[PDB]
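In structure tokens, one chain follows: the form deposited in one PDB entry.
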């Protein structure tokens, strides 16, 4: 008994995973994976755009049936929702102006203004570790606002998923004068293990269908065909 239409929520400000083109159509690797899985599940799927911090509330309230939005699988989130198997890996990394001395450390960042997406694992990490100790951690409604304020000089640094910053900003016109500041921030407790489809705990039939379709499209080589459209390295990690 899967729904006739599966309603999938995503936050369309995280290119190359989820964004909108000039006509307002949904585009990106998350959209490609969701649509291929819906095709293999033989269900119809509707995409619903939402701010990132409204996604798990909307899911719990049944306004959407699944979340595909670079949603990291963490211990905290598993207390509330269920996840498909891993869609791809996601590490966190700081970005700042080229030549910046900034490092992901308290000593480097105390007194700096650091942007993080509201509702993200990065906001959790930065609030506990940095905001309490005097770093000015600023939470934003979406990631595009973070990049705009960084280039405006209102932020000194921003923490987000590494590949989103790389492909969605650093390799773009707008990020030419910016770079990663230090290596990926590893913290198992905060950042979890890769991203997955977020689902209500009791929708075990829907999880089984997403997991089976994901195995099948990885198996026959469709995942790698799709990933190569955006990435030249293995995004899945393994």
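For clarity, a rigid core is taken as the largest C-alpha set superposing within 1.5 Å between two forms. Positions refer to the first chain, counted from 1.
- Per the PDB record, of the two stretches 39 to 47 and 204 to 212, 39 to 47 carries the greater mean B-factor over its C-alpha atoms.
- Note on 167 to 175 vs 64 to 72: mean CA B-factor is higher in 167 to 175.
- As recorded in the entry, 112 carries the highest CA temperature factor of 93, 112, 77, 86.
- For residue 97, the recorded CA B-factor ranks within the highest third of the chain. Only modelled residues enter the ranking.
- Per-chain ranking of the deposited C-alpha B factor places residue 25 in the highest third.
- Annotation for residue 116: C-alpha temperature factor in the lowest third relative to the rest of the modelled chain, per the entry.
- Compared with the other modelled residues of the chain, the Cα B-factor recorded for residue 13 ranks in the lowest third.
- Residue 135: CA B factor lies in the middle third for its chain, per the PDB record.
Although it is not shown, the form deposited in another entry is what the next lines describe.
- The two forms, fitted on the rigid core, differ between the shown form and the other one by 2 Å or more at the CA of residue 130.
- When the rigid core is held fixed, the Cα atom of residue 181 travels 2 angstroms or more between the shown form and the other one.
- Figure legend: C-alpha atoms of residue 186 and residue 233, shown here, are separated by at least 3 angstroms less in that other deposited form.
- An increase of at least 3 Å in the separation of the C-alpha atoms of residue 155 and residue 16 is found in that other deposited form, compared with the displayed form.
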